[PDB]
Structures are given as structure tokens and as C-alpha cells.
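>
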Amino acid sequence: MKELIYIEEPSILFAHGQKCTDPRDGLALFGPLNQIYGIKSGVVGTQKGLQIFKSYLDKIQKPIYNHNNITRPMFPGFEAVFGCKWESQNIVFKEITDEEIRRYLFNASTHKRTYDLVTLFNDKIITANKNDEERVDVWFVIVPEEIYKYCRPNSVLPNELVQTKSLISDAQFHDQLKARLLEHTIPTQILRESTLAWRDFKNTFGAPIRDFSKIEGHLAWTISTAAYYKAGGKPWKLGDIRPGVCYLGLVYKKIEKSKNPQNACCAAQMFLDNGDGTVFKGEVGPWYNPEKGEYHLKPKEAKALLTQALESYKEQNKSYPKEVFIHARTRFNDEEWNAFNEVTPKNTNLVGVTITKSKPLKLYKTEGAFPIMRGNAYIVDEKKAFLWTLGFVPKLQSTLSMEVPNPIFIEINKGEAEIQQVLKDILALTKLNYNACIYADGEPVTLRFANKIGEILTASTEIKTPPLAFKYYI
Amino acid sequence: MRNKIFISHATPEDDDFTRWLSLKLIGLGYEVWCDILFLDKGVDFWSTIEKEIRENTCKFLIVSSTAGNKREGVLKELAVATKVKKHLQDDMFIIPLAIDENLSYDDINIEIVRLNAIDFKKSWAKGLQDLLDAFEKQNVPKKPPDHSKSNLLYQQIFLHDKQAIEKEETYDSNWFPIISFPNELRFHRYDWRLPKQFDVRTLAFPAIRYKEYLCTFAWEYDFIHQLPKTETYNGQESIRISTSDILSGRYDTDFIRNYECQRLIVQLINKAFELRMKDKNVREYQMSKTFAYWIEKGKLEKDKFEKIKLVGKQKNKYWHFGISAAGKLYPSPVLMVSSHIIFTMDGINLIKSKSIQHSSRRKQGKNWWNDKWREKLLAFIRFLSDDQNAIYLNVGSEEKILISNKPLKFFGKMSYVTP
DNA sequence: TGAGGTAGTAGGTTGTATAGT
DNA sequence: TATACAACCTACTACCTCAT
Ligand SMILES: [Mg+2]
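Chains A and B, in that order, give the protein sequences.
Quick note on numbering: the first sequence equals residues 250 to 723 in this note's numbering.
Quick note on numbering: the second sequence equals residues 34 to 452 in this note's numbering.
1) Along the region 196–211 of chain B, what residues have a CB closer than 7 angstroms to any CB found in chain A?
2) May I ask you to list the residues that DSSP assigns as paired with residue 531 of chain A?
3) According to DSSP, is residue 300 of chain A helix, strand or coil?
4) Could you check the C-alpha separation between residue 458 of chain A and residue 446 of chain A for me, to the nearest Å?
5) Which ranges does the beta strand (DSSP E) cover as unbroken runs of at least 3 residues, wholly within the region 207–294 of chain B, from first to last along the chain?
6) Please name the residues in the region 161–194 of chain B whose beta-carbon is closer than 7 angstroms to at least one beta-carbon of chain A, in chain order.
7) What first and last residue would you give for the beta strand (DSSP E) that runs through residue 353 of chain B?
8) For ligand 1, is there any heavy atom lying closer than 7 angstroms to the beta carbon of residue 685 of chain A?
9) Which residues, in order along the region 52–73 of chain B, keep a beta-carbon less than 8 angstroms from a beta-carbon of chain A?
10) Which residues, in chain order, does the region 266–286 of chain A contribute to contact with chain B at a C-beta distance below 8 angstroms?
11) Between residue 338 of chain B and residue 417 of chain B, what straight-line distance do the alpha-carbon atoms span, to the nearest angstrom?
12) I want to see whether chain A comes within less than 8 angstroms of residue 404 of chain B, judged by CB atoms only; does it?
13) Let me know the beta strand (DSSP E) ranges lying completely inside the region 472–513 of chain A, each 3 residues or longer, listed in chain order.
14) Please confirm whether residue 604 of chain A and residue 657 of chain A have their CB atoms less than 8 angstroms apart.
15) Against chain A, with Cβ distances strictly below 8 angstroms, would residue 441 of chain B count as a contact?
16) Does residue 457 of chain A come out as helix, strand or coil in the three-state DSSP assignment?
17) Could you name the residues of chain B that residue 567 of chain A contacts, counting a contact when the two beta carbons are closer than 7 angstroms?
18) Please work out which residues of its chain come closer than 7 angstroms, Cβ to Cβ, to residue 136 of chain B, disregarding the five sequence neighbours upstream and downstream, and give them in chain order.
19) Alpha carbon to alpha carbon, how far is residue 646 of chain A from residue 449 of chain B?
20) Are the C-beta atoms of residue 621 of chain A and some chain B residue less than 8 angstroms apart?
21) For residue 343 of chain B, tell me which candidate among B:361, B:366, B:373 has the shortest Cα-Cα distance.
22) What number of angstroms, rounded off, separates the C-alpha of residue 321 of chain B from the C-alpha of residue 474 of chain A?
23) Going straight from the alpha carbon of residue 442 of chain B to that of residue 634 of chain A, what length do you get?
24) Where does residue 410 of chain A sit, in a helix, a strand or coil, going by DSSP?
25) What number of angstroms, rounded off, separates the C-alpha of residue 255 of chain B from the C-alpha of residue 650 of chain A?
26) Just reading off the alpha helix (DSSP H) that residue 353 of chain A is part of, what are its end residues?
27) Let me see if you follow: with CB-CB separation under 8 angstroms, is residue 629 of chain A close to chain B or not?
28) Taking just the CA atoms, how far does residue 695 of chain A sit from residue 254 of chain A?
29) Compare the C-beta of residue 100 of chain B against all C-beta atoms of chain A and say whether one is closer than 8 angstroms.
30) So if I threshold CB-CB distances at 8 angstroms, which residues from the region 697–709 of chain A count as touching chain B?
31) Within a Cβ cutoff of 6 angstroms, which residues of the same chain sit near residue 377 of chain A, ignoring the five residues on either side of it in sequence?
32) Among A:470, A:551, A:555, A:415, which residue has its Cα nearest to the Cα of residue 306 of chain A?
33) Just the Cα atoms here: how many angstroms apart are residue 316 of chain B and residue 333 of chain B?
34) Can you give the Cα-Cα distance for residue 264 of chain A and residue 602 of chain A, rounded to whole angstroms?
35) When you compare only the Cα positions, how much space is there between residue 564 of chain A and residue 532 of chain A?
36) Starting from residue 662 of chain A, trace the beta strand (DSSP E) both ways and give me its first and last residue.
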């Protein structure tokens with residue numbers, strides 16, 4: 250009968266250095282880590298899109314409650330929560346019209362239809378951001394359903410709506426929208442006309458297609474927390490993080506387009522204690538592997554990455570971090586790490602850590618309808634362990650994973666360290682997701698955003714964008 | 034002397050707001066008396082209230098909700114402030130906190146109808162500004178703000194009920210440790226007897242093609258009916274690799290490394306399961322990855338085993354608990370068992386389109402809670418077991434793999450009170 | 001919340017060396 | 001240009017996310 254140790258839940262710190270465990274409650278009690286001058290909000294949607302966007306700004310000034318306000322804390326009201334106004338009186342609109350929508354949308358190709366609406370929006374965004382004397386804190390892309398419906402691969406607009414046959418016989422609109430606005434840094438928060446007005450989008454039955462009465466205040470939490478974070482200040486910080494750590498999330502995405510099926514764009518995301526994050530963009534190489542179904546790097550690009558991060562770190566923090574953990578979901582090949590090894594200062598400790606959500610050690614609590622609470626961990630070796638970032642949480646009185654939770658295999662594939670700190674740090678890192686404002690992050694923010702990021706790397710490949718905070722990558 | 038800000042409220046209708054008003058207030062520096070913070074146990078519970086509103090209560094705040102004005106306990110709580118509104122002879126003693134977007138004049142109690150609206154309706158914040166700016170105009174007493182007090186309470190008070198507690202609790206895995214492995218792993222230089230074109234997963238024993246040698250836990254003699262003209266192989270000729278070495282890493286041949294051998298056992302383990310399930314009373318659900326094993330309807334009395342219910346019904350489709358076998362070597366060699374929910378409109382004829390199955394599985398998943406997913410699995414593996422302590426899997430006639438039918442138990446101090 | 005989308009992982013399907021003409 | 005194999009690719013399912 251093995252024994253589980255338990256990891257004390259890491260504390261995140263909000264306004265006035267007062268730290269607790271639930272951002273939602275941490276923000277609601279004290280507000281944000283750095284309170285911000287009011288969000289100027291700009292809109293890039295249909296004349297309807299504003300009224301909707303205006304519906305939400307007005308809506309969220311008032312409190313909005315979830316179904317059960319224990320498992321999901323209520324949303325007190327934007328100003329009460331964040332101590333600043335995100336006003337609907339103060340909107341800086343760039344219109345788009347159905348004529349514009351119909352003209353560009355109806356193309357036979359999804360891609361020529363997708364790529365052009367995106368170019369429409371950016372020009373509508375870029376003309377306003379670049380040209381404007383007035384300043385807008387976040388650009389809110391209010392997508393009419395008709396866009397969301399058809400602007401993805403595998404969605405077939407009928408042959409009876411296409412005005413132009415395809416000129417010849419990626420393609421996700423929003424990620425592309427972020428990827429093209431990537432070179433000139435602008436915060437893009439993308440919303441759906443349906444989400445903001447979901448009770449005004451009735452189905453044929455007359456009930457709402459998607460009915461959100463259960464979680465309506467939760468939405469504001471996720472939206473405002475992200476909007477807030479985009480607008481400048483980060484909601485919170487990790488409360489008790491030892492100084493001078495560097496977390497590096499390794500991201501890749503296979504570029505399918507290449508005839509040679511090894512082109513994979515590359516990246517590393519640098520988190521410290523904030524999760525504002527810095528996305529280091531690596532250039533495109535042969536990272537994918539056929540035999541091993543794995544992602545890996547040649548030394549020379551890998552050194553650049555490590556340096557690009559160490560250096561931007563020292564430029565940010567005036568020293569080289571005494572500990573650097575590099576996360577990826579894969580093991581490390583000895584050459585790739587020795588490449589990292591050389592770049593590294595002599596006394597900084599480098600740690601390669603493999604967070605694999607395989608399907609192992611599903612732990613079923615013996616008594617009670619609820620599962621193991623999150624923070625339980627099983628330590629296999631001094632090197633490898635099992636972490637439950639998921640499972641019952643008492644402050645919520647709910648399971649984070651709504652079924653029986655899957656812990657995460659955490660192996661110190663390369664480097665040496667104390668597995669206990671690792672688990673800890675990683676438990677800490679689930680807490681840093683500004684965009685989805687929840688109690689905890691299922692996957693440490695290091696890797697959490699890999700897959701959404703992976704698109705954005707591939708979606709724009711001509712650019713050579715500087716290292717960027719997340720808000721540009723979100 | 035009087036300093037507090039007594040909060041009068043309906044519970045649990047205005048709890049979300051009162052708990053936010055007090056605590057934003059308390060952290061701001063005020064002294065707030067609220068039933069929210071205490072866990073009273075006296076007959077003086079109401080006198081405590083009364084004593085506090087009587088003497089030390091500088092301001093009476095009342096939740097002006099629909100429920101607040103119609104509530105016996107808050108109307109009783111209101112009774113004193115009007116009794117003590119004169120004593121103090123200050124007009125702003127009572128402050129209705131109009132938090133309700135839908136107060137008809139008629140609900141509001143007459144005494145507080147007259148008074149001035151503190152408007153939490155339009156935004157919780159503007160009214161907090163309005164409640165304090167009103168606290169500026171008349172000099173209500175204040176300490177320099179310590180939000181630390183604020184959440185000292187939150188963390189100790191509101192979270193008192195539910196947090197991590199030094200409790201003991203054991204959990205049962207779904208990993209099922211192999212018990213006994215065949216004393217050797219041998220490799221047959223089958224040569225002319227081997228035909229590469231042939232498929233052995235109809236060879237009723239776990240076999241695979243590695244190089245030109247033959248890999249299995251079945252001893253060369255075991256494949257006869259489907260494999261003729263092999264009485265021709267020297268019993269010596271074949272490598273006889275100590276399994277009790279392989280797990281350790283003791284075995285490293287430069288011709289094949291242990292990582293190769295560890296992978297190799299699995300297909301077998303998993304094939305041995307697959308064959309075992311050909312003849313252990315359960316109809317099989319095929320997913321591309323591997324097979325899922327669900328007992329048909331009626332096989333267990335009233336579709337229950339050993340008290341559990343591993344087949345049931347949802348709507349017009351029966352549900353039937355199913356499992357899979359992943360075999361993993363590391364850290365300890367075990368049989369992993371992921372749990373499934375197969376589906377059938379009738380007792381034994383499987384549903385055609387997974388889209389329905391996907392929709393049913395999720396629909397059915399919602400009913401089962403941690404207690405439920407555990408028992409059925411345990412039962413189901415208790416189901417299959419061919420004796421008291423383990424399952425059998427048949428690699429060959431004299432060689433068997435024995436997995437424990439009960440999963441590793443993990444014991445952890447620290448658990449949560451169940452709600 | 002949930003209708004979505006992703007990430008495992010096997011394999012059978014498949015695209016490449018070897019080998020013999 | 002036969003095939004004896006190599007290494008892909010493709011469903012399918014359990015999770016987990018967001019145009020949240
Ligand atoms: Mg999102």
C-alpha cells in the first residue's frame with residue numbers, strides 16, 4: 250500500500266500583497282495585483298456587434314451569478330472586482346458591414362474566404378490602432394456567428410451560396426487574426442456575438458441554442474480577467490515563488506504544408522512568477538520525428554532559444570536565473586539538452602521536465618462520491634512523480650475534473666533536482682492562467698497554451714517577431 | 034462607545050452580497066457585525082445581536098432585498114434599530130442597502146421605505162463608494178485599512194467549513210499489478226517452420242515476429258495444430274532470457290536492449306488478455322486502439338454482480354460497464370484498466386453509430402460519481418477473476434500470467450470532509 | 001456549461017529499400 | 001520489379017478547452 254504525499258495549494262497574490270487560492274475570490278476581495286487606469290475598449294464588429302458588446306459592458310457593471318456560487322464564485326461587477334471602469338460609454342468603434350461581410354465571406358474557398366475577412370479585420374484594426382491619436386487598451390473582435398460558422402477548415406458552405414467559384418482547387422480565423430496582428434503588437438480579445446448575447450440567439454424551438462444561465466457570471470470572470478490582463482496589468486502573482494527561477498515551455502506544431510513532413514515551427518514560453526509570460530519564437534526546422542512521434546531540436550537553434558530567453562531574462566531581471574526549468578510533454582534527447590547545457594551559465598541549474606498526461610494511475614477514492622482532492626501526489630522515483638492538478642477542491646466543494654481525475658506524470662527527464670519542488674512549482678504554475686480565470690490550471694501554464702500557440706506560430710511564418718508577452722499570443 | 038457597522042440580512046438569498054459587503058467593509062477598516070462571521074450557540078444569540086445593535090452599533094445596515102423585508106429574523110433585527118434610532122437621534126443610523134433590482138414599494142418595510150436609497154443595484158462598486166462617501170459626510174469611525182483582517186476572516190471564517198483537513202483516506206488504483214511471470218522468456222529460431230506471411234493472432238497464444246526468431250511465453254512445443262513440421266527444432270537452440278532479469282535492466286544485449294524487451298512483453302500481456310476475453314463470458318466492444326469488454330444483458334442475475342450493477346439502462350438503451358487492458362511495465366508491472374460505458378438498444382446487439390454512443394456515454398457518465406466508477410470496475414475485475422486472488426492469462430499451456438484482481442491501494446493522510 | 005477540439009496510441013494501410021531479373 | 005519490411009496515418013475514445 251503505497252502512500253501519497255500532499256502538496257499544499259500554492260497561494261497567488263492580489264492587491265495589497267494579500268494572497269489566497271482562488272483568483273475569482275482573490276480579485277473579488279481585494280482586486281488586481283496592479284490596478285489599472287480604465288480600459289479604453291475598441292470594437293471591430295457589426296453595428297449589431299456593438300449593441301451586443303455594449304450589452305456586456307453594461308451587464309458586467311452589475312453582479313452576475315453562476316448556478317451555484319460555491320463551485321463557481323459569483324462575479325461582483327467589473328468595477329467592484331477590478332476597482333476600475335471598463336465603460337460602454339467609452340467605445341472606439343471600427344465598423345464592419347454585412348456588405349463587407351457578404352462580399353468577402355461568400356468565396357468558394359474557405360481559405361480565400363478566411364484569409365480575407367482576417368485581412369479585413371486587421372486593416373480595420375491596424376488603421377485604427379496605427380492611425381488613431383486616441384488610444385484603445387484592448388481591441389475586441391466581435392465575430393458575428395456567420396463568421397465563426399464558416400471560417401474554419403472542414404466547414405462546408407453550400408455550393409448554393411458561393412458567388413465565385415474557387416480561383417484554384419492556417420484556416421482558423423481567430424488564431425490567424427492574432428497571427429497577422431502579431432508583427433505589430435496589439436491586444437486582440439476575440440468574442441462571439443452568440444456568447445455575449447446568448448439569450449437573444451433563440452433556436453427553432455425558441456429556447457436559446459446555447460443556454461448559459463448556469464454559468465453566466467463565470468463568463469465575465471474569464472472575459473474580464475483576460476480583458477483586464479490584455480489591457481495592461483496582470484491580475485495576480487504567484488505568492489511564494491523562490492526568487493530567480495525561469496520556466497520555459499517548449500512548444501512545437503507540425504507544419505503539414507511541407508512536402509517533407511518534419512517542418513515544425515518552434516517556440517519557448519518563459520514564465521517567471523507572473524504568467525504574463527514571454528513567448529520566444531523559434532524559427533522553422535526539422536523538429537517532428539517520424540520514427541519516435543516526438544518533437545526535438547538541433548543544438549544550434551536550441552542554443553539560440555536558451556540564450557534568447559536567458560538574455561531577455563537578464564535584460565528584464567538584471568542577472569541570470571539560478572534555476573531554469575524547461576517543460577515539454579516529451580523526453581529530451583541527450584544532444585538537444587547538452588546544447589542547452591553549453592549556453593547556460595555555470596551555476597544556474599537547468600531542469601528539463603516532461604509533463605505527460607498519459608492515462609496512468611487513475612486514483613479512485615475508496616469512500617464518498619467525490620474524488621481525491623487536488624494536491625495529492627504519488628512519487629514514483631526521486632526523478633519521476635504523479636501529480637493531481639485535478640480532482641476535488643474543498644474551497645470549491647467540486648471536482649476540477651468533472652469525472653475521475655487523471656494525474657500527470659512528471660519526470661525530470663534531464664537535469665537533477667528535488668521532485669518535491671518540481672511537483673510544487675508545477676502545482677503553482679496551474680494557477681497562473683490569466684485568460685481562463687478559474688481556481689487552478691490543469692496543465693501548468695508553461696505547456697497549457699502550447700496547442701493554441703502552435704497554430705499561431707504556423708499561421709504566420711513569414712514574420713520574425715520579437716519575444717512577446719502572452720497578451721499578443723492569446 | 035460605539036464603532037461597529039451591524040449588517041442585517043436575509044440568508045441565504047443575500048449571502049453573496051452580505052458576505053461581499055461586510056468583507057469589503059472589514060478590509061476597508063470598518064468594524065462589521067454580521068451573523069456571517071460567527072457560529073453562535075447561545076440563547077443570547079439574539080441578545081448578542083440585541084446587545085450589539087443596542088450599544089456598540091454605530092450604523093445599522095440592512096439588506097433591502099425582497100427577502101430582506103419579508104423575513105421574520107431581519108424584521109426582528111430591524112425592530113431594535115428603530116427602537117435605537119431615537120436613542121441616537123441621528124437620522125442616517127439605518128441604511129437600507131437596496132441590492133434588489135426588483136423591489137416593489139409594497140414589499141419594503143414602512144420604516145425603511147422612507148429612507149435614502151443606497152444603490153447597489155446599478156453597480157456593486159458605485160454603491161460601495163456611495164456607502165463610504167456617506168460614511169465620510171457623517172463621521173462614522175474607521176481604522177486605517179488592513180485587508181489582512183479582511184481575508185483573515187474569509188480564509189478562517191467562510192472557508193472554515195470546507196478545506197484540506199489532516200484526514201486519512203485510501204484510494205484504489207486501476208493499475209492491477211501482475212503477480213507471476215513465466216520463469217523464462219524464450220526466443221525461437223523457428224526458421225523454416227515460421228511463415229512470415231501467416232498471422233498468429235489466431236494462434237490462440239501470444240506470439241509476434243521479432244527479427245527471424247520467434248517471441249512468446251509459450252514454449253516452442255505449444256503451437257501444433259496451426260503450425261506443422263516444427264518437431265524439427267532443437268530445444269536447446271533458442272535463447273532463454275531470464276525474465277527476472279529483464280525488469281531490472283540486468284538484461285542488456287547489444288543485439289537487443291532491455292527497452293526493446295520491455296516493449297515486447299506488452300503486446301503479449303495485451304494479447305493474452307484479448308485471448309483470455311475470447312473465453313471469459315463478456316461480449317467485446319471494438320475501438321480501433323484495442324478492445325473494450327462489456328458483459329451482455331442477463332449474464333449476471335438481474336444484471337448485478339456481487340451487489341454491484343455493471344449493466345443498466347438509460348432511456349431506451351441499455352448501458353453496460355466495459356473495461357480495457359493496458360499493460361504497463363513501469364514502475365511496477367501492472368494491468369491498467371480504463372473504464373468504459375458501452376451501449377445497446379437491446380440486450381446483446383451493439384449500437385451502430387458512435388455519435389449516439391458518444392452522446393450516451395457522456396449522458397450516462399454524469400450519473401456515476403467517484404464511489405460508482407470505483408465499485409463497478411473493482412467488481413468487474415472481481416467479475417473476471419478465475420480464483421480468489423487474481424486473474425489468469427494464458428500465454429501457453431504450462432505458462433501463465435497472474436494479475437492481482439485488487440489494485441494497489443494508496444494511503445494518504447490529508448483529505449476533505451464530504452459535503 | 002458543453003458542444004467542440006486535441007491528444008494520446010495503437011495499429012492496419014502505405015511508401016521505401018532490398019533483392020533478384 | 002518483385003516483395004520483406006520498414007515508418008507513417010487514421011479512426012475512436014477519454015478528456016479538456018474555447019470565437020470563454
Ligand atoms: Mg479563451
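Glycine residues also receive a C-beta, built at the ideal position from the N, C-alpha and C atoms.
Based on what the coordinates show:
1) Taking 7 angstroms as the Cβ-Cβ cut-off against chain A, the residues of the region 196–211 of chain B that qualify are 196, 197, 202, 203, 204, 205, 206, 207, 208.
2) Locating residue 531 of chain A in the first sequence gives position 282, counting from the first residue. According to DSSP, residue 531 of chain A shares a beta bridge with A:515.
3) Residue numbering aside, residue 300 of chain A sits at position 51 when the first sequence is read from its first letter. Helix.
4) If you number the first sequence from 1, residue 458 of chain A lands on position 209. If you number the first sequence from 1, residue 446 of chain A lands on position 197. So the two alpha carbons sit approximately 11 angstroms from each other.
5) Qualifying beta strand (DSSP E) stretches, in chain order: 208–213, 218–221, 241–243, 246–249, 272–274.
6) Going along the region 161–194 of chain B in chain order, one finds 161, 180, 181, 183, 184, 187, 188, 192 with a Cβ nearer than 7 angstroms to chain A.
7) Indexing the second sequence from 1 puts residue 353 of chain B at position 320. It spans 350–356 - the beta strand (DSSP E) in which residue 353 of chain B sits, taken as one unbroken run.
8) Here the question's residue 685 of chain A lines up with position 436 in the first sequence. Checking every heavy atom of ligand 1 against the Cβ of residue 685 of chain A, one is found closer than 7 angstroms.
9) Answer in chain order: 53, 56, 57, 60.
10) Result list: 267, 269, 274, 277, 278, 279.
11) The residue you call residue 338 of chain B lines up with position 305 of the second sequence. The residue you call residue 417 of chain B lines up with position 384 of the second sequence. Going by the C-alpha atoms only, they are around 11 angstroms apart.
12) As a position in the second sequence, residue 404 of chain B is number 371, starting the count at 1. The beta carbon of residue 404 of chain B falls within 8 angstroms of a beta carbon belonging to chain A, placing the residue at that interface.
13) Taken in chain order, the complete beta strand (DSSP E) segments of 3 or more residues contained in the region 472–513 of chain A are 494–503.
14) Along the first sequence, one-based indexing puts residue 604 of chain A at 355. Along the first sequence, one-based indexing puts residue 657 of chain A at 408. A distance below 8 angstroms separates the beta carbons of residue 604 of chain A and residue 657 of chain A.
15) In the second sequence, the residue the question calls residue 441 of chain B occupies position 408. Chain A contact via Cβ: present.
16) Within the first sequence, the letter at position 208 stands for residue 457 of chain A. Reduced to three states, the DSSP call for residue 457 of chain A is strand.
17) Residue mapping note: residue 567 of chain A aligns to position 318 of the first sequence, counting from 1. In chain order: nothing, as chain B lies at least about 31 angstroms away.
18) Position 103 of the second sequence, counted from the first residue, corresponds to residue 136 of chain B. Only 97, 99 meet the Cβ criterion.
19) Working through the first sequence from its first residue, we reach residue 646 of chain A at position 397. Working through the second sequence from its first residue, we reach residue 449 of chain B at position 416. Take the alpha-carbon of residue 646 of chain A and the one of residue 449 of chain B: they are about 9 angstroms apart.
20) For the purposes of this step, residue 621 of chain A is taken as the residue at position 372 of the first sequence. Yes, residue 621 of chain A counts as interfacial toward chain B.
21) Counting from 1 along the second sequence, the entry for residue 343 of chain B is found at position 310. Out of B:361, B:366, B:373, B:373 has the C-alpha closest to the C-alpha of residue 343 of chain B.
22) Locating residue 321 of chain B in the second sequence gives position 288, where the first residue counts as 1. Locating residue 474 of chain A in the first sequence gives position 225, where the first residue counts as 1. Approximately 41 angstroms between the Cα atoms of the pair.
23) Position 409 of the second sequence, counted from the start, is the residue given in the question as residue 442 of chain B. Position 385 of the first sequence, counted from the start, is the residue given in the question as residue 634 of chain A. As the crow flies, the alpha-carbon of residue 442 of chain B is around 16 angstroms from that of residue 634 of chain A.
24) Within the first sequence, numbered from 1, the residue matching residue 410 of chain A stands at position 161. Here DSSP, grouped into helix, strand and coil, assigns residue 410 of chain A to coil.
25) Along the second sequence, read from residue 1 onward, the residue named residue 255 of chain B stands at position 222. Along the first sequence, read from residue 1 onward, the residue named residue 650 of chain A stands at position 401. Taking the straight line joining both Cα atoms gives about 47 angstroms.
26) Within the first sequence, residue 353 of chain A is the residue found at index 104, counting from 1. Residue 353 of chain A -> alpha helix (DSSP H) spans 347–354.
27) The count along the first sequence starts at 1 and reaches residue 629 of chain A at position 380. So, interface residue.
28) For the purposes of this step, residue 254 of chain A is taken as residue 5 along the first sequence, with counting starting at 1. For the purposes of this step, residue 695 of chain A is taken as residue 446 along the first sequence, with counting starting at 1. Looking at the two C-alpha atoms, the distance is approximately 24 angstroms.
29) Start at 1 with the first residue of the second sequence, and residue 100 of chain B comes out as number 67. Chain A has no Cβ within less than 8 angstroms of the Cβ of residue 100 of chain B.
30) So the list is empty, because no residue satisfies the distance condition.
31) Looking up residue 377 of chain A in the first sequence gives position 128. Only residues of its own chain outside the window of five on either side were considered, and among them 343 have a CB closer than 6 angstroms to the CB of residue 377 of chain A, listed in chain order.
32) Translated into positions along the first sequence, residue 306 of chain A becomes position 57. Comparing Cα positions, the closest option is A:470.
33) Taking the second sequence and counting its residues from 1, one reaches residue 316 of chain B at position 283. Taking the second sequence and counting its residues from 1, one reaches residue 333 of chain B at position 300. Using only the alpha carbons, I get a separation of about 13 angstroms.
34) Mapped onto the first sequence, residue 264 of chain A falls at position 15. Mapped onto the first sequence, residue 602 of chain A falls at position 353. Those two C-alpha atoms are separated by around 32 angstroms.
35) Taking the first sequence and counting its residues from 1, the one referred to as residue 564 of chain A is at position 315. Taking the first sequence and counting its residues from 1, the one referred to as residue 532 of chain A is at position 283. Residue 564 of chain A and residue 532 of chain A have their C-alpha atoms spaced approximately 22 angstroms apart.
36) Mapped onto the first sequence, residue 662 of chain A falls at position 413. Boundaries of the beta strand (DSSP E) around residue 662 of chain A: 657–663.
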